[PDB]
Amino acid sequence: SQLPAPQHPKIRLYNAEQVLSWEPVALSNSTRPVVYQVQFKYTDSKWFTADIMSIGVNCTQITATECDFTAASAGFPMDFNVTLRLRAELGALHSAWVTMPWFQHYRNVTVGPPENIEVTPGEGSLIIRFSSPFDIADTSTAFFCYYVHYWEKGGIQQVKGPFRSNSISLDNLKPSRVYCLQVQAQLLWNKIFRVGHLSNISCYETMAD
C-alpha cells in the first residue's frame, strides 16, 4: 500500500544556499503528523540518506516541509552532480519517491549582487569595495568577475570591467558631481558562466579637492 507523494517540490540554489522544499501531504484531520525523508545520489553512487553524517543536516523523519542543506561546513560540493529524492511516510507506510532533476551548484545557481558595497570618494575618483556574492574556497575551479555600471543623473550609462578584484577605482571623474552606480558579478566555471543580479542603485558625490 502507498501514501500520496509530496507535490511541487522545488530546489533553491541561490548564492551558497541549497534548500529543497515541497507541499505538505495531509491525510485525514485525525492522522498524526506525516514525516518526510530526503535522499541524494552522486551521479551513479548509492542513494545516501540526508543525515548529519552524510551531508551535515538531518532530513530523515522530519515534519518540516523543507531540507536546508547548508544551515549548519554542511552541503553539497558545488561542482558535484547531485540527484535528490523525497517521500512522505507514516510509520512503515510511505509514498513513492519523487525524484528531482539533477543539478550541479555552479551550473544551476542564481547569483545575487555583491553586498557590503562601500565607496570612498576622491577628488576625481570613486573607489568601490564589496564582498563576493558567496565564498569560493577553490579558486582554480570557479571565480567571479565584476562590472560597475555608473552614470551622472540623466547621463548615458558607462560600464567598467570585467575585473577580478573586490576593489575597483572609477578614475577621471568630474569633481563635485553626483555619480550613481550598480555593481554586478559574473561567475565563471571551466565546465559555463552565470550572470549575477545588479546591486541596488546608490549615488555618491566626488570630492572638490
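Start at 1 and count along the sequence shown; that's the residue number.
Missing coordinates between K191 and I192 amount to 1 to 3 residues of the deposited sequence. According to the record, 1 to 3 deposited residues between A72 and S73 are left without atomic coordinates. Between 18-26 and 197-205, it is 197-205 that carries the larger average Cα temperature factor according to the deposited entry. In this entry, 117-125 shows the higher mean Cα temperature factor of the pair 83-91 and 117-125.
The residue among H149, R32, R177, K46 whose C-alpha atom has the highest B-factor in the PDB entry is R32. When the C-alpha B factors of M78, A137, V109, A96 are read from the deposited coordinates, the top value falls at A137. When the CA B factors of the chain's modelled residues are split into thirds, the value for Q184 lands in the middle one. Ranked by Cα temperature factor within the chain, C67 sits in the lowest third according to the deposited record. Per the PDB record, residue ranking by Cα B-factor puts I55 in the lowest third of the chain. The PDB entry assigns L173 a C-alpha temperature factor belonging to the middle third of its chain's modelled residues.
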